[PDB]
Amino acid sequence: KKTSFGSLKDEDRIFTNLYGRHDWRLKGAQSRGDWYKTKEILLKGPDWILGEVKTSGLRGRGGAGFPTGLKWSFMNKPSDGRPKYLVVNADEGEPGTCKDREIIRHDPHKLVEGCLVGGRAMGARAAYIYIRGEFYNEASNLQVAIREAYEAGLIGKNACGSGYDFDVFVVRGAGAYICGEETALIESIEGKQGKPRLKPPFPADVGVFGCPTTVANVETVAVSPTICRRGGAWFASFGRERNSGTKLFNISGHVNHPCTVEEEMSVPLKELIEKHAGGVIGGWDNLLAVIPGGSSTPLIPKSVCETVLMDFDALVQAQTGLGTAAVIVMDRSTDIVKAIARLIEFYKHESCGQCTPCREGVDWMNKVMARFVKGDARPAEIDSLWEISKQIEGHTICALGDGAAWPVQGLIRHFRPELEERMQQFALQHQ
Amino acid sequence: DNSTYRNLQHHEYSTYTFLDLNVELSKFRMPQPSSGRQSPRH
Amino acid sequence: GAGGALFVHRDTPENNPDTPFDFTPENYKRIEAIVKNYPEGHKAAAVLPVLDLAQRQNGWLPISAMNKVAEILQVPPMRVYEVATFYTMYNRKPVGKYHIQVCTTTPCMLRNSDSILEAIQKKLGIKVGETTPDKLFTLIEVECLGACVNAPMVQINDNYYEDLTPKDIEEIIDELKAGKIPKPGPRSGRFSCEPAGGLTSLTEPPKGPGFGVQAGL
Amino acid sequence: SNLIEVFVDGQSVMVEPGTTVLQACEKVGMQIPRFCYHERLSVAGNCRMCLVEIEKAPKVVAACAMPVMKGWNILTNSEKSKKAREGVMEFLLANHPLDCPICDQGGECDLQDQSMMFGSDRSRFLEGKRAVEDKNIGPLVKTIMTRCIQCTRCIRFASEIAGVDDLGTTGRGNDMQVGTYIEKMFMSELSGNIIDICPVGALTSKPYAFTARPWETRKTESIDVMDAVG
Amino acid sequence: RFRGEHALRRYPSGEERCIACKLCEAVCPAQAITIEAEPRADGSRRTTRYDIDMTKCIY
Amino acid sequence: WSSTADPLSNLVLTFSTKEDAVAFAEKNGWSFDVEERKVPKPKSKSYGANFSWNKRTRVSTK
Ligand SMILES: NC(=O)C1=CN([C@@H]2O[C@H](COP(=O)(O)OP(=O)(O)OC[C@H]3O[C@@H](n4cnc5c(N)ncnc54)[C@H](O)[C@@H]3O)[C@@H](O)[C@H]2O)C=CC1
Ligand SMILES: Cc1cc2nc3c(=O)[nH]c(=O)nc-3n(C[C@H](O)[C@H](O)[C@H](O)COP(=O)(O)O)c2cc1C
Ligand code: SF4
Ligand code: SF4
Ligand code: SF4
Ligand code: SF4
Ligand code: FES
Ligand code: FES
Ligand SMILES: [Mg+2]
């Protein structure tokens with residue numbers, strides 16, 4: 001019914017300690033409404049919690065956008081003999097993305113309570129939080145909050161006046177972007193290299209230690225208990241249909257005030273930038289391009305950025321995708337080819353090397369891109385490069401290959417004249 | 001109220017803080033499940 | 001682009017299987033807690049933390065440390081070698097006292113992250129991949145560190161230094177040289193990634209317990 | 001009984017539950033291209049050479065690892081599967097060394113034959129190739145690792161069949177290399193078999209080096225007498 | 001382009017070009033080439049026998 | 001060179017079935033030995049067994 005989105009009231013945000021201006025420990029969290037009626041939520045049953053998540057319309061906050069109630073119900077099968085586990089994906093490897101770091105270091109008890117609520121919903125015996133290895137102080141804050149939760153009886157033995165036993169473990173990575181991929185994360189937890197495994201089987205059947213497992217993003221887990229407390233309908237009231245809720249947004253690059261903010265789902269990109277990030281450096285006319293959802297998503301130019309909304313469906317219709325909602329803006333005083341080439345070099349340095357298309361083709365893309373920045377190539381190759389990206393996407397084990405193919409495709413599609421002009425200028429300069 | 005930043009506790013975290021917290025928490029855990037064997041190589 | 005670090009080990013007077021490495025008793029206590037974290041029958045899952053612990057005790061990972069971890073956890077040594085060579089936070093070569101990592105990925109590069117790189121080079125008189133003669137600093141370039149909003153930034157020994165200018169990085173370096181530790185976080189007094197002068201959210205006092213609870217709960 | 005019905009290029013076949021697309025195609029007489037899959041090894045799914053199209057499914061599946069489902073129609077000779085094969089062979093050949101005249105696997109190479117049968121006939125790779133240093137694993141298996149295609153057949157054989165955990169992968173991405181990471185001889189009573197399972201000239205027989213070509217040889221089927229196994 | 005008496009060539013360093021791939025032996029329509037090879041004392045891939053029967057050769 | 005004196009050293013014949021080869025050999029007066037065809041037995045392959053909760057099929061690397 002509502003048509004205009006983007007005015008989120010202060011009392012309506014989920015992460016009310018996003019900026020760390022309040023006590024991140026247990027006392028402040030209870031003061032702000034955390035660990036309230038948690039026993040009632042646990043005693044209401046797993047089916048009720050799953051239904052609340054389903055009518056909430058919550059989609060996966062890792063970036064894929066899969067309906068979360070559907071996965072958590074996939075886990076809802078009867079017992080087999082193996083223990084059941086919840087895995088929280090706190091790897092946060094995507095360039096431009098820092099939201100999980102802020103919700104982990106400043107509001108850890110929301111994450112812990114979400115772990116408990118989700119584990120109760122899916123019948124898990126424990127939760128493993130795979131925190132990025134570089135987030136050492138954030139991991140220590142998480143461990144201190146978990147210590148407080150154990151001391152207060154909120155988790156562990158009986159966890160409440162509930163009768164449900166639940167442990168929360170924190171495990172640290174060691175410098176691997178690929179270990180954010182859920183199967184690669186499970187492999188890393190088991191002590192092997194961070195190489196993704198093929199699907200099927202899905203983690204709900206065979207996961208960590210060979211047991212049923214659900215991997216969920218930090219934001220999804222951390223918002224689940226508030227959804228249970230306030231209701232699925234309250235969460236579903238925000239955003240368009242199939243795009244419900246409030247999403248954390250990271251604004252970085254050529255803005256006056258780069259920042260992380262929580263805002264309604266279907267906000268316009270221009271509105272978000274001009275309201276929370278202070279505008280693009282040099283005014284809106286100075287905008288050249290935006291990567292709206294992290295490095296994996298293709299970039300879009302100013303013409304489409306003018307009137308585009310920030311959600312999965314609208315950004316898919318703009319041929320990009322919402323991704324992780326990491327807006328990276330670039331004005332007309334930057335080298336767009338150089339920026340895309342740097343992203344491709346990042347992907348070359350982050351591939352695990354397991355499958356030949358990603359390994360070989362991403363290395364090849366990196367080499368071609370470096371030449372492109374110089375302009376050392378010829379016009380005929382651009383099409384060649386486009387074909388190479390197509391070969392990679394849809395043929396690899398995991399989606400890192402797609403995430404390396406898409407930025408190249410976006411750059412070609414929206415800035416072929418710039419590549420052609422650079423090649424022509426190089427040819428003129430070198431004779 | 002909001003003017004003060006209240007996450008300075010990580011300013012005195014040492015090289016062993018995480019592992020020491022893990023050791024402290026080791027007494028609060030539930031007994032682990034077992035696969036039945038000492039190792040997959042057993 | 002090209003890495004520059006080899007992934008084969010050749011024996012060496014200061015790096016060989018007889019290089020003396022052992023865990024301290026309290027590190028053995030930490031190891032036993034770490035192993036207790038995982039289900040019985042799956043002890044290889046402790047390879048990543050325990051190996052990390054060895055580095056925290058030693059500063060880097062000799063081949064003897066890898067063998068010691070493999071024999072403590074009763075896993076084949078080749079598995080520990082694969083783990084050590086896969087993850088980039090493990091130092092298979094000795095490193096300086098202050099490992100300086102500069103993020104140069106696109107969001108950080110947009111906000112002038114090479115100026116801070118060259119400032120560090122000029123201050124230390126070393127190139128990107130080397131170590132100072134006194135074995136006190138080691139420059140290196142890394143990918144996105146998860147603080148893109150506070151760009152440009154560096155990481156030194158578990159600490160994040162954010163919102164940097166070349167003057168700020170010079171003061172951080174000479175404060176490290178003095179002997180004391182500079183405080184982590186962003187510079188310019190921005191306090192963990194809010195708008196610099198905007199303050200466009202979370203201004204009203206947060207609501208208390210049970211503010212918007214539904215009926216029947 | 002419990003058999004399910006699937007289709008290979010429209011032809012019906014009944015298979016046991018859990019049967020892979022590759023095995024269903026085998027039951028019809030079609031051999032799917034492969035590099036990393038082996039019948040007696042565990043499934044890997046690395047080389048992506050077995051990618052095949054399922055009717056009315058937008059994404060290709062890895063035939064060696066994906067169990068077939070009831071009603072599926074596998075399109076082995078479809079345009080999408082042919083293009084997938086061509087792309088995977090292009091990626092495999094991008095960094096491969098031009099070693100065929102000096103490679104001992106010249107006339108009996110699965111890489112060569114599958115390139116002629118399923119790949120393109122030309123290259124559009126205009127860069128320099130990677131080169132890795134050779135490892136020494138004993139006087140029986142000669143190692144030239146620039147020819148390696150990272151199928152991990154040798155690692156799986158050594159771990160599962162031979163019961164020796166000496167082989168692994170070190171590194172990441174493009175410079176991930178198969179080896180031991182230390183100077184170590186791979187010695188076992190079954191060590192020479194990794195020469196046969198290696199699809200390329202990366203692992204060869206050292207005493208056999210440069211003596212013959214596979215098309216010259218005459219084959220006599222006989223019995224070993226070095227023990228009582230026969 | 002004239003085809004006359006056969007010859008074996010070498011690099012400017014004096015090292016012989018033949019590396020015993022046996023492609024010429026495989027392609028010879030008259031089966032006039034006989035080749036035997038082994039590793040050299042320096043590990044090089046070289047021939048120990050390279051015979052051409054000129055009364056079988058069709059040039 | 002390698003010299004031979006038997007004219008049938010390079011003679012190899014192709015047949016659709018074993019019965020055809022037996023008929024040809026019998027009508028041509030040659031004593032024969034027939035070996036039955038060896039066929040690879042069907043194998044049970046499961047990618048999920050690579051990551052096993054409690055079996056020995058769990059792999060240490062992939
Ligand atoms: N948060 C971060 O730092 C990063 C996020 N990403 C984002 O991750 C996205 C791609 O991730 P993927 O997991 O590969 O996408 P995906 O669609 O394959 O998986 C989505 C989730 O839903 C589950 N799922 C999907 N289909 C299922 C089915 N048929 N049955 C059972 N479960 C099913 C999956 O197990 C998975 O957990 C990308 O769009 C990217 O933007 C990428 C890099 C970093
Ligand atoms: C290469 C790669 C890296 C990823 N990194 C992360 C990550 O760091 N954090 C995350 O939450 N999801 C990451 N994902 C997506 C995960 O698959 C996702 O967490 C999983 O689908 C569950 O997330 P959900 O809670 O949104 O459903 C990554 C995916 C890929 C392909
Ligand atoms: S796509 Fe890249 S990162 Fe993903 S499994 Fe394949 S090689 Fe590894
Ligand atoms: S392995 Fe095969 S394709 Fe590669 S050089 Fe040897 S014969 Fe040629
Ligand atoms: S050496 Fe041969 S068998 Fe081993 S991974 Fe390389 S190509 Fe495969
Ligand atoms: S064997 Fe024949 S084709 Fe091969 S290199 Fe020697 S002369 Fe040339
Ligand atoms: S790009 Fe530098 S922290 Fe992410
Ligand atoms: S044969 Fe299936 S991926 Fe290699
Ligand atoms: Mg071989």
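Atoms considered below: every heavy atom in the structure, side chains included; atoms not considered: hydrogens, waters and symmetry mates. Counting starts at 1 for both ligands and their atoms, in listed order. By convention in this document, chain letters (A, B, ...) are assigned in the order of the sequence lines, proteins followed by strands, and residues within each chain are numbered from 1.
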Of all the non-hydrogen atoms in the protein, which one sits nearest to [atom], and at what distance?
atom	value
atom 30 (C) of ligand 2	A/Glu181 CG, 3.7 Å
atom 21 (O) of ligand 2	A/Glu182 OE1, 3.8 Å
atom 26 (O) of ligand 2	A/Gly62 N, 2.6 Å
atom 8 (Fe) of ligand 3	A/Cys352 SG, 2.3 Å
atom 6 (Fe) of ligand 3	A/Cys355 SG, 2.3 Å
atom 3 (S) of ligand 8	D/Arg48 N, 3.1 Å
atom 4 (Fe) of ligand 3	A/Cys398 SG, 2.3 Å
atom 23 (O) of ligand 2	A/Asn217 N, 3.8 Å
atom 22 (C) of ligand 2	A/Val215 O, 3.3 Å
atom 6 (C) of ligand 2	A/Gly180 O, 3.3 Å
atom 19 (O) of ligand 2	A/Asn89 ND2, 3.1 Å

Side-chain ion pair, [X] and [Y], N-O less than 4.0 Å:
X	Y	result
A/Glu219	A/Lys99	yes
A/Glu113	A/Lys110	no
A/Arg101	A/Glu138	yes

Please list, in number order, the atoms of ligand 8 under 4.0 Å from a heavy atom of [X].
X	result
D/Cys47	1 (S), 3 (S), 4 (Fe)
D/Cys64	1 (S), 2 (Fe), 3 (S)
D/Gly45	3 (S)
D/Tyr37	1 (S)

Quick one: which ligand 2 atoms are inside 4.0 Å of a heavy atom on [X]?
X	answer
A/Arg61	26 (O)
A/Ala216	25 (O)
A/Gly93	8 (O)

Could you grab the distance from atom [atom1] of [X] to atom [atom2] of [Y], nearest 0.5 Å is fine?
X	Y	atom1	atom2	result
A/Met122	A/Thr214	CE	OG1	4.5 Å
A/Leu58	A/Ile227	CG	CD1	4.5 Å
C/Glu143	C/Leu145	CD	CG	9.0 Å
A/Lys195	D/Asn46	NZ	CG	7.5 Å
A/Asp313	A/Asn243	CG	CG	4.0 Å

Q.
Judged on heavy-atom distance to atom 2 (Fe) of ligand 8, which of D/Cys151, D/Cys36, D/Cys50 sits nearest?
A.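 Selected option, by shortest heavy-atom distance: D/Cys50.
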Does [X] approach ligand 2 within less than 4.0 angstrom via side chain, backbone, both or neither, non-hydrogen atoms only?
X	value
A/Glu94	neither
A/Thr220	side chain
A/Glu92	backbone

Are side-chain N/O atoms of [X] and [Y] paired as donor and acceptor at under 3.5 Å?
X	Y	value
A/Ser295	A/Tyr347	yes
A/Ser296	A/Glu94	yes
D/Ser78	D/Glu53	yes

Q) Between the side chain of A/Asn89 and the main-chain N/O of A/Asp91, is any donor-acceptor distance below 3.5 Å? A)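 Side chain of A/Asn89 to backbone of A/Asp91: a pair is present.
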Q | Whether A/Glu52 side chain and A/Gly232 backbone form a donor-acceptor pair below 3.5 Å | A |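 Here the side-chain-to-backbone pair exists.
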Answer whether the closest heavy-atom distance between the side chains of [X] and [Y] falls below 4.5 Å.
X	Y	value
D/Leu92	D/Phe35	yes
F/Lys62	F/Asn50	no
A/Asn250	C/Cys148	no

(Q) If the contact criterion is a heavy-atom separation under 4.0 Å, does D/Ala62 count as touching ligand 8? (A)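 False for this residue.
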Q) So is A/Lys71 in contact with ligand 2, going by heavy-atom distances below 4.0 Å? A)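 Yes, A/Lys71 has a heavy atom closer than 4.0 Å to ligand 2.
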Q.
A quick test of your reading: do over 12 heavy atoms of other residues, nucleotides or ligands sit less than 6.0 Å from NZ of D/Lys59?
A.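 It does not: D/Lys59 NZ has 12 such atoms or fewer within range.
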Contacting atoms of ligand 3, where contact means under 4.0 angstrom from a heavy atom of [X]:
X	result
A/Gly401	1 (S)
A/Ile397	5 (S)
A/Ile178	3 (S)

Q: Indicate, as side chain, backbone, both or neither, the part of A/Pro196 found under 4.0 angstrom from ligand 3 when only non-hydrogen atoms are considered.
A: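 It is the side chain that touches ligand 3; the backbone stays farther off.
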Q.
Any heavy atom of A/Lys195 closer to ligand 3 than 4.0 angstrom?
A.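 Checking ligand 3 against A/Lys195, which is what was asked, there is no heavy-atom contact under 4.0 Å.
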Q: Could you confirm whether A/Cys358 has any N/O/S atom lying under 2.8 Å from atom 4 (Fe) of ligand 3?
A: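 No, A/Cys358 does not qualify, because none of its backbone or side-chain N, O or S atoms lies under 2.8 Å.
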